[PDB]
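For the sequence shown, the deposited numbering assigns the number 39 to the initial residue and increments by one for each residue that follows. These notes are about the structure you will find just below.
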Amino acid sequence: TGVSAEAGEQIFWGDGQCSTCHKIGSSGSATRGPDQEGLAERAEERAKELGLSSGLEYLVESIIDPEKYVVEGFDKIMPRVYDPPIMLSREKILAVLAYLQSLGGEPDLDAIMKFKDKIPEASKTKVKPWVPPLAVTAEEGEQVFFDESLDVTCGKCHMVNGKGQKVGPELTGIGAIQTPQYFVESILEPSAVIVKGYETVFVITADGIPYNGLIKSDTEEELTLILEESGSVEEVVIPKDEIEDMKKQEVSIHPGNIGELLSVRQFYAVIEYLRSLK
Ligand code: HEC
Ligand code: HEC
Ligand SMILES: [Ca+2]
Ligand SMILES: [Ca+2]
Ligand SMILES: [Ca+2]
Ligand SMILES: [Ca+2]
Numbered sequence: 039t040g041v042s043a044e045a046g047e048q049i050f051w052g053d054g055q056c057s058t059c060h061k062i063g064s065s066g067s068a069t070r071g072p073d074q075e076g077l078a079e080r081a082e083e084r085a086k087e088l089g090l091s092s093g094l095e096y097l098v099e100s101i102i103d104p105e106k107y108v109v110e111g112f113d114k115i116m117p118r119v120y121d122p123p124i125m126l127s128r129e130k131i132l133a134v135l136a137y138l139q140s141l142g143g144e145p146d147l148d149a150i151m152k153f154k155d156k157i158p159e160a161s162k163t164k165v166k167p168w169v170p171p172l173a174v175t176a177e178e179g180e181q182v183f184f185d186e187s188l189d190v191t192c193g194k195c196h197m198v199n200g201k202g203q204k205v206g207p208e209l210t211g212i213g214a215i216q217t218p219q220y221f222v223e224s225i226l227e228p229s230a231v232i233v234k235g236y237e238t239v240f241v242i243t244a245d246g247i248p249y250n251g252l253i254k255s256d257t258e259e260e261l262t263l264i265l266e267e268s269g270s271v272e273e274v275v276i277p278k279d280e281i282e283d284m285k286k287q288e289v290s291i292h293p294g295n296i297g298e299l300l301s302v303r304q305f306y307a308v309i310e311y312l313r314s315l316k
């Protein structure tokens, strides 16, 4: 569809997967990444802070090396979209850059095209095939994911296509977006990346009672938390008028001991299941 902001808009909201994490003002509802309304002017400010040549250069860097600068208040969750699974082509990345410049600015197509030689070509990805060390399948991993007889049951906290229970985020579609490495880290190192909105808070009430958990809901009169202990979860409803302090902690309720609770087979099967969630 060429290199035009119009093409880029279709890709951002489509096969680039950008809108699965980013909203633009009142368009979209995704929150895993920052709202991109006003991004073109923000990029000019980022480039100044970072000693880059232009806002455009910051936008390019943000796609080609997402980890190089991490927006405050977010973790290293954005994938390299020119690598698997997304495998977004170079022409589509150039188009998306034109779209990003249109978010409060003016696309500069000649300037974008000069960055072509810095954008990796998806077909030339250097990522190696994911090969688990024993034979596992996605269907086997689905069984593990929902198995309530294990010492961890992913489905107690994550929904897929209407199955499971919501504590952490819904995982439907994540295999179209994320890498097996991100799945490994998410399972075994849960606090390395905290999905936005799923932070643990530490609350203290006026009566001196502590509660540490994630926020399920937050109304004008009640804060509902989900607490976790030994893989089980529990709700508590705290009257807002009784809250003395609340602080976000960079820690996850996803358990930290899954490497002790899943066999090698179960673990690699679950990864294959996650990859399959297109
Ligand atoms: C969720 C898994 C994401 C996907 C898919 C995409 N992005 Fe993203 N992006 C995400 C986060 C959490 C962050 C902030 C942390 C960081 O890496 O800096 C970003 C950031 C950006 C930025 C910078 C925004 C800023 O305010 O400075 C840009 C320009 C950006 N992301 C672009 C972008 C595009 C075009 C995507 C589709 C090809 C895309 N992102 C996907 C999370 C996620
Ligand atoms: C509730 C006590 C949980 C259990 C059991 C499991 N997960 Fe979890 N997970 C939970 C939360 C609250 C969060 C968000 C905060 C964070 O740590 O990032 C997560 C996150 C993930 C992710 C990342 C999702 C994303 O959108 O990027 C993945 C891939 C994930 N969790 C996988 C997963 C698996 C496979 C589990 C069973 C072995 C599992 N989780 C259990 C909460 C809880
Ligand atoms: Ca970044
Ligand atoms: Ca995590
Ligand atoms: Ca009140
Ligand atoms: Ca209790």
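Where a beta carbon is used, it is the ideal one built from N, C-alpha and C, also for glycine.
Are the beta-carbon atoms belonging to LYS234 and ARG70 less than 8 Å from one another?
yes
CA-CA distance, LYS278 and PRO207?
24 Å
Going by beta carbon distance, what residues of the same chain come within less than 7 Å of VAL275, once the five residues before and after it are set aside?
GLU260, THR262
Could you tell me which of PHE50, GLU310, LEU77 sits nearest to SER127, measuring between CA atoms?
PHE50
Tell me whether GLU273 counts as near ligand 6, meaning its Cβ is closer than 7 Å to at least one heavy atom of that ligand.
no
List the DSSP bridge partners of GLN219.
Looking at the DSSP assignment, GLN219 forms no beta bridge with any residue, so it has no partner.
In chain order, what residues have a CB nearer than 7 Å to some heavy atom of ligand 3?
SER100, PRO104, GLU105, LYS106, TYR107, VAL108, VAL109, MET116
Since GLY179 is in the alpha helix (DSSP H), which residue starts that stretch and which ends it?
176-183
Under a Cβ-count criterion, where at least 16 other Cβ atoms within 10 Å of its own Cβ denotes burial, should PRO117 be classed as buried or exposed?
buried
Whose CA, out of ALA176, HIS292, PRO228, lies closest to the CA of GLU310?
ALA176
Name the two residues that bound the continuous beta strand (DSSP E) containing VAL134.
Per DSSP, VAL134 belongs to no beta strand (DSSP E); it is in the alpha helix (DSSP H), 128-139.
Distance cut-off 7 Å: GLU266 Cβ against heavy atoms of ligand 2
yes
Endpoints, the beta strand (DSSP E) within which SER255 is located
248-256
In whole angstroms, what is the alpha-carbon distance linking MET197 and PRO104?
27 Å
Limits of the alpha helix (DSSP H) - the one that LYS86 falls within
77-88
Mind checking residue 317: buried by the 16 CB within 10 Å criterion, or exposed?
No answer is possible for residue 317: the residues shown for the chain start at 39 and end at 316.
Exposed or buried, what is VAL109 when buried is set at 16 or more other beta-carbons lying within 10 Å of its beta-carbon?
exposed
Classification of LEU141 by the beta-carbon crowding that lies within 10 angstroms, buried from 16 upward
buried
Please find out if some non-hydrogen atom of ligand 4 comes closer than 7 Å to the beta-carbon of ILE232.
yes
Taking 7 Å as the line, does the beta carbon of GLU259 fall inside it for any heavy atom of ligand 5?
yes
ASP283 - containing beta strand (DSSP E), residue span
281-287
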